[PDB]
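[1] Give me the fold of what follows.
(chains A, B, C and D, ligands or ions: 4)
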There are 4 protein chains.
Amino acid sequence: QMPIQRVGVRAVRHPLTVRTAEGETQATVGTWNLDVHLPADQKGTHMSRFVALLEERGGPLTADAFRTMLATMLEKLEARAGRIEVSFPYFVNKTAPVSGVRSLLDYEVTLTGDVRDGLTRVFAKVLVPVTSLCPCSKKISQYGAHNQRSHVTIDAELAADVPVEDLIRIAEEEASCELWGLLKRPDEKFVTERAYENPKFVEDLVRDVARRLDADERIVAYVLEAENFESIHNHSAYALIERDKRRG
Amino acid sequence: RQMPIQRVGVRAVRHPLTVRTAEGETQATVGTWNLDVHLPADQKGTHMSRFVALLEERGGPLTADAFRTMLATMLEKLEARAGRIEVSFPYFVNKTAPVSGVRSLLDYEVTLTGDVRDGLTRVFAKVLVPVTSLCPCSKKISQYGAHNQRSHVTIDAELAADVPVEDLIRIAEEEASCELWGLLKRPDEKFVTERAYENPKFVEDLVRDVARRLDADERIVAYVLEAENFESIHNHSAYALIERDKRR
Amino acid sequence: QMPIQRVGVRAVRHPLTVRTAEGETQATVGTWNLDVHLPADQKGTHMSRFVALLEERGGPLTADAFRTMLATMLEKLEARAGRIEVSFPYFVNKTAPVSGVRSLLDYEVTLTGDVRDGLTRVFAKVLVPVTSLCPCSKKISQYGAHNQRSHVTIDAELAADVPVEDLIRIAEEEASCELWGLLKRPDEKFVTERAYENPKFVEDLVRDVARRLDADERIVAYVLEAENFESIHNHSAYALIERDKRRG
Amino acid sequence: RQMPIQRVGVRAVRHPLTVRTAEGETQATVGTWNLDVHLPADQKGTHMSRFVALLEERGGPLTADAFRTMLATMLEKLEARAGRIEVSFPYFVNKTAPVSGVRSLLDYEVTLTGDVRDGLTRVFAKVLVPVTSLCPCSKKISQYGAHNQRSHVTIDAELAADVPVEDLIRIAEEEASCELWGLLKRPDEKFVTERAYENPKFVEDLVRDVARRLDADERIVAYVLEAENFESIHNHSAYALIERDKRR
Ligand SMILES: [Mn+2]
Ligand SMILES: [Mn+2]
Ligand SMILES: [Mn+2]
Ligand SMILES: [Mn+2]
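    Residues are numbered from 1 along each chain as shown, chains lettered A, B, ... in the order given. Ligands and ions are numbered 1, 2, ... in the order given. Dropping the coordinates below:
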């Protein structure tokens, strides 16, 4: 006797191909969460149809194909509102700072689509691993400064199409240092020095990243998180910034 | 860096906890704490150290009113005007088997959240209840048998007035095809298998039946109800979400 | 002043391509654990070299390439003993029982190589999701019978090259019913009936699977596990069988 | 089906636990239990129900001797001659900060295993100690700074004579670059940053230093020691394993 906002399949693991900024087609494994709105006067959705769209679907998952999948799901399941969400690991070939030795780095990307109330919204979320270094530990200590691996997460509601790599760079750029999978000894020296030279508190990280998200038209709203897995503790330091530019 | 941060603090701090039962008995459980505060735009950083001190000093059972005293003490000790406390912990209920009566303990995952922002104190209670599901379709189409799977019903509830988790569990255990038990006897296995078969329910029916009972409690202003069936026939889960705010 | 049996990198996520029994090349994401033995008179291994073998390596990961990687690692790291281990999700296009509707299913495959004491050993481990159904619940109940999703894991030490798909079939074949991602209504009926018709206890599952591993020459030893995620309980039923045919 | 099963029983049963401290104080913690028995070849199946009954009836602190009484009661109640009990739980130790002395609790993950097979009773103790690591290479090559990461040292120890976990933690906390604390003050952050810098250690050095101290305890017949550095500079971990059996 009541409508259900989300009703559908969840945790469907299924192969995916994305297209890199470099034009390459990247093959990965995704986890899909496809759901639809059920009108009160409807007893139940057709669950076999979700798995069928995933099997029928083909090609690289471009921004346009993503939107075409959301519409195809609503037409095939006979719905007016619904959401599609896929999570997958994404890889970028990076270049070491001094040696130039190429190596891959792994990011976690979640892509979401949602049509409700005649409005379609696309969301880009990337978790970017980075190195942080406390400025206090550096300032009060004769030698050394505590450093920890950090996870910067950018859940951005796109006003225009934004490459995930555009969000990864903002993260790596405003971080004390960015992670690389292979580092030569000349490279270990530079990363250890540049981090010490650029110590940033979690409040500084999220602030420095937010300013650049603020200044981007393609981002109408975003949730920004930064977690420092403190070496000196068994807990983490956490900071979240929420901004909807449509406010006002 | 001239920008406020809605949430800065410590994350994933495990620490021993004592809570108060509906009976008023105290249960000892381990908790994972999240303590964060709002940071003004002209403030460089909050005191991470103080958040842990509040956990070490705090003692005694975690009564609702005690949870509200802690949220104020946090703002008072970290010199903030807004902030949130989150704590999740396993919760046990001695259960009575349906036919034999053999007592057995069942575990649940409870999360309490308090939040002060814009001069409003809001308390939440989220519980995960483990329950059995049985497909109405399998039962009708098949000559014999009916596929059944373990389900997870999650009730996140903003409580205008305090409500025991026991009260939340009941709405889910009662509205499920059948409740779970740790110890069952041959008499009790027959009842659970027969009763579940006699009350088949789709993920859509389950959330709808739990919503109607959550809609009828004055204490619960708002809620986000989730039901996930781990389908035996597939390696993917069925899902349904109902969100209701009684203010709107 | 002492040797270290395993010393190296761990949790290196990195893209992988395997070749299916159907000749196809399957692209997936792997997690690598590459380690080497350190002689007492050696202070430390070269960790940058592990990541370099992964970046340098190419082609589908065939059984032969896997062995050639283990040797290349020992030669490149200047070791006499060492281990390589990659974990990745693997997909098979299955056909529904009555409708024939094709759909993918996801398995977790771990491949291990180890050279020690002049002996090289290759191990194949596949986790196969399956449906189980209690024979007691069926025997003591007027209607219905409890059914749960199960995970059958086969860690087999190969005496000859064995396709992972050969191990997945043994698992799906001796199970009450095998999982399919897309099932039509004719298909739901068959899977619900065949399971009820073939109820098997966890002790029966592992026994029925072991007999077929026993009778396979390509398997010199294996660890077999079966976990039933009981619908009627919040815990699981577990059975493990260990067999080394070289015993005697 | 004419084949023995080395391990049949229940898995992942969470249940509240009380353990005894080296001080003799009792600590309340939640446990996840694994109770299995050996099944003869001519036996169709063990009684799953009895395993949970043993957990409900059992009370009082989990003293070593009490753990050994439970292993016998299990074989006696399930009518078996071989079997294993495993229980893992968070463990806390009030810690004292190095300069200020501010007490703070730190958590560890402890796993106790008992095993009767071939008429031998074997007790084990596995603990995970959270510790900080600092690279000796970064310290030498770099002009300023030194990269540091949180590490996990795991000691699995077959105990001929009972040993408190406190004794295991000490060997790891002492042999690490620096121990972890929940609450630290500006004086204590300086000490930890300086001390860790003053005692750099490679994953290989750490396991080697912990082994020598584990080799010198008569109570510990055998052990598998693991050390994993979550390197800040990379998204992958350093690893080292040392396995020693003092019988061989
Ligand atoms: Mn710090
Ligand atoms: Mn069904
Ligand atoms: Mn049963
Ligand atoms: Mn290093």
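
[2] is the helix or strand hosting residue A:73 anywhere near chain C?
    Per DSSP states H and E: residue A:73 is located in helix A:63-77. No - Helix A:63-77 lies out of reach of chain C by Cβ under 8 Å from any Cβ of the partner chain, never closer than 13.4 Å. No exception for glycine: its C-beta is placed from N, CA and C like everyone else's.

[3] Is any residue of that helix near chain B?
    No - contact of helix A:63-77 with chain B is not found when judged by Cβ under 8 Å from any Cβ; the minimum separation is 13.3 Å.

[4] wait, does the next helix or strand after that helix make contact with chain C?
    Per DSSP H and E, the first helix or strand lying C-terminal to helix A:63-77 is strand A:82-95. Yes - using Cβ under 8 Å from any Cβ, strand A:82-95 reaches chain C at A:89, A:91.

[5] What is strand A:82-95 packed up against?
    With contacts taken as 3 or more Cβ pairs under 8 Å, 6 or more residues apart in numbering or on different chains; DSSP states H and E, strand A:82-95 sits against strand A:12-19, strand A:25-38, helix A:63-77, strand A:102-116, helix A:164-174, strand C:12-19.

[6] Check which residues of the fifth one are buried.
    Within helix A:164-174, the residues scored as buried using 16 or more other Cβ atoms under 10 Å in any protein chain shown are A:164, A:165, A:166, A:167, A:168, A:169, A:170, A:171, A:172, A:174.

[7] How much space separates the fifth one from residue A:20?
    Pointing back at residue A:168 there. 12 Å (Cβ to Cβ, to the nearest Å).

[8] Same question for the second one.
    Between residue A:165 and residue A:20 the computed distance is 8 Å (Cβ to Cβ).

[9] Mutual contacts of those two, please.
    Residues within reach of residue A:165 and of residue A:20 at once, by Cβ atoms under 8 Å, 6 or more residues apart in numbering or on different chains, are residue A:92.

[10] which helices and strands does the helix holding residue A:73 pack with?
    In terms of contacts (3+ Cβ pairs under 8 Å, 6+ apart), helix A:63-77 is packed against strand A:25-38, helix A:47-56, strand A:82-95, strand A:102-116, strand A:119-133.

[11] Would you mind listing the buried residues in the last one?
    Yep, that's strand A:119-133 we're talking about. Residues A:122, A:123, A:124, A:125, A:126, A:127, A:128, A:129, A:130, A:131, A:132, A:133 are the ones in strand A:119-133 that count as buried (16+ other Cβ under 10 Å).

[12] Need the residues you listed in CSV (columns: distance to chain C).
    As requested, these are arranged in CSV below (distance: Cβ to the nearest Cβ, whole Å):
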residue, distance to chain C
A:122, 24
A:123, 22
A:124, 20
A:125, 18
A:126, 15
A:127, 13
A:128, 14
A:129, 11
A:130, 16
A:131, 17
A:132, 20
A:133, 22
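
[13] and the residue nearest the centre of chain A, what does it touch?
    Among the residues of chain A, the one closest to the centroid is residue A:126, at 1.2 Å (Cα atoms, centre = their mean). Residue A:126 makes contact with A:90, A:107, A:108, A:109, A:110, A:153, A:154, A:164, A:167, A:168, A:171, according to Cβ under 8 Å, 6+ apart.

[14] swap the cut-off to 10 Å and go again
    Contacts for residue A:126 (Cβ atoms under 10 Å, 6 or more residues apart in numbering or on different chains) come out as A:90, A:107-111, A:152-156, A:162, A:164-168, A:170-171.

[15] Ok, residue A:44 next?
    A:4, A:7, A:38, B:136, B:137, B:202, B:203, B:204, B:205, B:240.

[16] number of nearby residues for residue A:159?
    When counting by other Cβ atoms under 10 Å in any protein chain shown, one arrives at 16 neighbours for residue A:159.

[17] my read: it touches residue A:124, true?
    No - applying Cβ atoms under 10 Å as the test, residue A:159 and residue A:124 come out as separate, 11.1 Å apart.

[18] Now for these two: what residues contact both?
    Among the neighbours of residue A:159, those also in contact with residue A:124 (Cβ under 10 Å, 6+ apart) are A:218, A:219.

[19] separation between the nearest residue to residue A:244 once chain neighbours are set aside and residue C:47?
    Excluding the flanking residues, the one nearest residue A:244 by Cβ to Cβ, 6 or more residues apart in numbering or on different chains is residue A:221, at 4.2 Å. Using Cβ to Cβ, residue A:221 is found at 42 Å from residue C:47.

[20] more neighbours, the two?
    residue C:47 (25 against 18).

[21] near chain B, from the buried residues of helix A:164-174?
    Within the set of those, contact with chain B (Cβ under 10 Å from any Cβ of the partner chain) is found for no member.

[22] Common neighbours of residue A:168 and residue A:20, please.
    What both residue A:168 and residue A:20 touch, as defined by Cβ under 10 Å, 6+ apart, is the set A:90, A:92.

[23] Excluding sequence neighbours, find me the nearest residue to residue A:70.
    Nearest non-adjacent residue to residue A:70, counting by Cβ to Cβ, 6+ apart: residue A:113, 4.3 Å away.

[24] Could you report the separation of that neighbour from chain C?
    Computed with Cβ to the nearest Cβ, to the nearest Å, the distance linking residue A:113 and chain C is 21 Å.
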